[PDB]
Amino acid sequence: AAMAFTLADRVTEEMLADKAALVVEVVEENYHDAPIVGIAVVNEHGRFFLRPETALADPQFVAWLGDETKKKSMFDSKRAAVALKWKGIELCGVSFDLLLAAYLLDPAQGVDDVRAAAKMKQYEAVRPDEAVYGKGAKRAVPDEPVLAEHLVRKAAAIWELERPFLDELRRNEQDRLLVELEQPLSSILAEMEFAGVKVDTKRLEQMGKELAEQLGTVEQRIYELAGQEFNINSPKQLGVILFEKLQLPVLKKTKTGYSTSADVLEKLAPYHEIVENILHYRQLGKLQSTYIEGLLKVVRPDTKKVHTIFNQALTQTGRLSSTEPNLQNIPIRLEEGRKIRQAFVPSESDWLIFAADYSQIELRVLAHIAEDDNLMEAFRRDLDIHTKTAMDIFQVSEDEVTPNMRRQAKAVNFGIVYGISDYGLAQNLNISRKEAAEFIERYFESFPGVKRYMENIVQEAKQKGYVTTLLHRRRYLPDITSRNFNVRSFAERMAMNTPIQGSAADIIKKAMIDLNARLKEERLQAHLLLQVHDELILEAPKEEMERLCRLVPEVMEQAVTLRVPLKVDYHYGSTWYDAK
């Protein structure tokens, strides 16, 4: 049965009530500077559909959109807020976002449209977006009648589902998580995405030019060492040259051919000079394809800015994700890739890039939740944790810790935070499982509190059915009761890791909210540009650096109070590369 609504030709006063479910539709997946194809409003007075060209040109509607006292319930308000920002219109008063509410109730559902969220509550009187717009090439906005009813049905579902969702959030003790953390953060992300990051495309082109030269030389050298040419990029064609023509050992093979991943090639390097060249070709090639060419593809030709979209409702841990481009995976570890960061520059003259990052927030969070005396004391002394861990598991004094010991203790630390596995540790360190297990047992002997936590959290996930974070984020772990070892083991690792990665996510998100409140109080021109899990990157007038050197770390360190201190480092410079 069809849904009743008014297909309005003009905006009326009753469409502007104090509370309503609002739908400002942007069909294009990337909403930056994208069209708003239709608008729906559902309130106490009824259901309405407005053509965007008329609604967005109506002073009364635009004023209502920006009146913070007129509350709106929406799904993905960030997408609408950004699309409206590009049209110079301010969206305020969003008091409920169904996408964020659904995400907090269960990130595993993978809710990405109103239909999916409604299903959680046995409401199916709304179609999935894909069913209406189609996918990929067949994608498309349908005719007005079809479009109009879809938007109205979505607004009706939001109107209906707000109460039940808020009720369950409250039961879960997640009401504040949504209203005080994710919803306000959503607005901050929209500002960040809208602001964008300026790119020095001439610099990017210079780099790509030299990469091309280098790639060509290595490529030539590779054909030289193989005795012929081939597509170095087809691990299969590649696998034949290496494991058949050159007879390299096959210590790993793919579910369809031979494995030529870097860890494998690294072990093969000693047998033939072609290997080091394949690795080098892989490095340069990755930079070229993904970071020079890929980047340039999404830079706005007029402003030379890139506008990522932070997916706030996707990761199972509470972390954000970044796409088109992903600005959370720009090279830094190897000097050659790190140069890519030289192309990310301030958007205004005489402005600089300022980057602040937490020092070992995950291990500090672990010390806090595990309440391990040894680990807490280590951070109270602000010790180098990897050196301290080597000292403890290898039983030596700081002076006797050698570089190899620190490196191995470091790997143990990563395994501890990821959810320890002897096989996992063995693989990483390239040692036997028995040897890795010995390392782990030594670790647990030195950090008895961490051992008890890992044991207890797994039991808790089994008991309750989920694990939670500092700020009450949750993740259900159904596989924790699986009678399949591999399946259960993975869920156990998640139980151990999620509260750590998730709490660190909780902390930096609150820091962003706190930081923006402080920047507004001080009327500073500085503003957030990016978040990369444990770090915040802003740009600001060179004249604000000194104030920022004091403000940013402070706000970040004080976002949450733990049993150990939080410590934030920072740097700034003329490009992202100089901020580090």
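Just so we're on the same page, rigid core means the largest C-alpha set that superposes within 1.5 Å between forms. Just count from 1 along the sequence shown to find any residue number.
Larger average C-alpha displacement in 8 other deposited structures of this protein, relative to the shown form after a rigid core fit, is seen for 240-248 when comparing 240-248 with 400-408.
For the pair 370-378 and 229-237, greater average C-alpha departure from the shown form in 8 other deposited structures of this protein after core alignment is found in 229-237. Stretches 230-238 and 185-193 differ in mean C-alpha B factor, with the higher average recorded for 230-238. For the segment pair 152-160 and 270-278, the entry gives 270-278 the higher mean B-factor, averaged over Cα atoms. As recorded in the PDB entry, 243 shows the highest C-alpha B-factor of the residues 379, 243, 75, 466. Based on the entry's C-alpha B-factors, the most elevated value among 357, 200, 263, 506 belongs to 263.
Compared with the other modelled residues of the chain, the Cα B-factor recorded for residue 45 ranks in the highest third.
Per-chain ranking of the deposited C-alpha B factor places residue 400 in the highest third. Remark: residue 65 belongs to the middle third of its chain, ranked by C-alpha B-factor as recorded. Per the PDB record, residue ranking by Cα B-factor puts residue 52 in the highest third of the chain.
Sort the chain's modelled residues by C-alpha temperature factor and residue 334 lands in the highest third, per the entry.
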